[PDB]
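Shown next as structure tokens: one chain only, the form deposited in one PDB entry.
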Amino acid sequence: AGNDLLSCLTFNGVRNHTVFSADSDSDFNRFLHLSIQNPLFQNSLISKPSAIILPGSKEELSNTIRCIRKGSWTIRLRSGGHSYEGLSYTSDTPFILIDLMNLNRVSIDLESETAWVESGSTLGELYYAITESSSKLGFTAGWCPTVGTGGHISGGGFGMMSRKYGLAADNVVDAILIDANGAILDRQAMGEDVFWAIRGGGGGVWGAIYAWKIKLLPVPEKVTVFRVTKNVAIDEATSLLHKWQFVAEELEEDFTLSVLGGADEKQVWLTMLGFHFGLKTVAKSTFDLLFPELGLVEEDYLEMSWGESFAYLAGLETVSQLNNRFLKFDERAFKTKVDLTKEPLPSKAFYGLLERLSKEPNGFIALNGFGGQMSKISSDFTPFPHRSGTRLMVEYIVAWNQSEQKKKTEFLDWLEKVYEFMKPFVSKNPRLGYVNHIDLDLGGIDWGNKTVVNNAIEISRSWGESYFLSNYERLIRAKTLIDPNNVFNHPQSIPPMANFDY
């Protein structure tokens, strides 16, 4: 069986594969931990793949899937390995890890201003490729350079330019999807329902994206950014955050103001991240008017290329570092939760948040405003439904290093209580979420459990409608169409509709 798999792979020309090894220093273990981006799922007790396959072409990817199906393995796809819940490299059933790191080719077409992007490519590699080819082109996606396009675009992809250009998935014009039978389908082949579904319906559900075709987007040769940390007390920090929410959502689409926040007793720190599609004169004039309380000075505003701004906002030293997929910025175990809002947050919400942060220096928040282009895109244009009416995205994070692992339970408890505190102020009925911010606290499906599987649609509605709202129904239809046998599944994958043949 394990040798039948390898025999099948060899017969089909797939040669880059390594079977499980207990050797701490084996190539298997080296490849396994190479793209584990959350150390929370890195220890010895976690499930390990029986084999790791590294396909290097669309045919190798197709044949790998075909071979794996002859057996009874669970398929796991890994691009960047940034899954918050480690769903790309863990499974409660014996699984084969298909790692896509060798599928990292980016092809820029300056004549059509589009690009073909193999799904193993990271955002950083994509950004670097774009900046290299042109000074007037960029793309809208997340801020983390080591995030893989495979999972990221599959789940939407929100970033600093989303108020201008929407999500990464909102700018996909074609794609190559490899289905459960190993069929190689482009947009025309897969159909519009499936092409709709893959653009934010969540990774690991529809098949294996081989490559994305994206539209490259206009950017000025110079943009303006700032990254300013305000060190203040809770009263001022609360005033700043309460005003920020209005400034952020209301800003014109050419502007973005986001926040990173934390505390430690009396000391509160708020890192303001600013972006403007233009020069510093207009940028400073805008914030002087709308947010004079930030106390920004001329030297805070930095003019640079789009490429430089994305490296800068990511806290990288240089643009070159975008092209390093194995670069480890923060190597801490973490757990995060997210909220979307529909009504303005009361000042007391920010106050309470800051109070709880002051008691836990390992915790922090990330605040993003929607609006702009996000409110001009229809709720069903792609699976991501949180458009017009959505005000903010609020992220709560707790992170720790190896020397603090004994406080793990305490950290998680703190995060749980933070989330409970925020309940009354955020979206309700249901409490909304974001599939790229996958959260298993919401629950999960054991696909080996008959009674659960029979009621999968209703059960899955808990997280399904949080992620996709009314788009949930259409997603189920697309799923049934493209993966009726449920070859691509995980605790929160869209359920296919059953067949009476049971």
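So that the term is clear: the rigid core is the largest set of C-alpha atoms that superpose within 1.5 Å between two forms. Note that residue numbering begins at 1 and tracks the sequence as displayed.
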For a rigid core alignment of each structure in 4 other deposited structures of this protein onto the shown form, which stretch has the higher root mean square Cα deviation: 329-337 or 196-204?
329-337
Look up the CA B-factors in the entry and say which stretch, 469-477 or 38-46, has the higher mean.
38-46
On mean Cα temperature factor in this entry, is 62-70 or 452-460 the higher one?
62-70
Choose from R387, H82, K164, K280 the residue with the greatest Cα B-factor as stated in the PDB record.
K280
Given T140, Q402, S121, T382, identify the residue with the highest C-alpha B factor in the PDB entry.
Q402
Chain thirds by Cα B factor, record data; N436 belongs to the lowest
Sort the modelled residues of this chain by their C-alpha B factor and say whether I52 lands in the lowest, middle or highest third.
lowest
Chain third (lowest, middle, highest) by recorded CA B-factor, residue given as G363
middle
B-factor third for the C-alpha atom of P491 within its chain:
lowest
Third of chain Cα B-factors occupied by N171:
lowest
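Heads up, the form solved in complex with a small molecule isn't pictured, but that's what we're talking about next.
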In the entry with it bound, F226 touching the small molecule (heavy atom, 4.5 Å):
no
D330, heavy atom within 4.5 angstroms of the small molecule in the entry with it bound
yes
4.5 Å heavy atom contact, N368 to the small molecule in the entry with it bound:
yes
Should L260 be counted as a contact of the small molecule in the entry with it bound, where contact means heavy atoms within 4.5 Å?
yes
In the entry with it bound, does each residue in the set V232, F291 and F350 place a non-hydrogen atom within 4.5 angstroms of the small molecule?
no
Of 247-255, 424-432, 393-401, 108-116, which is the one stretch near the small molecule in the entry with it bound, taking non-hydrogen atoms within 4.5 angstroms as near?
393-401
Tell me, which of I130, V319, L354, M160 has a heavy atom within 4.5 angstroms of the small molecule in the entry with it bound?
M160
Just one of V268, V172, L340, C144 has a heavy atom within 4.5 Å of the small molecule in the entry with it bound. Which one?
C144
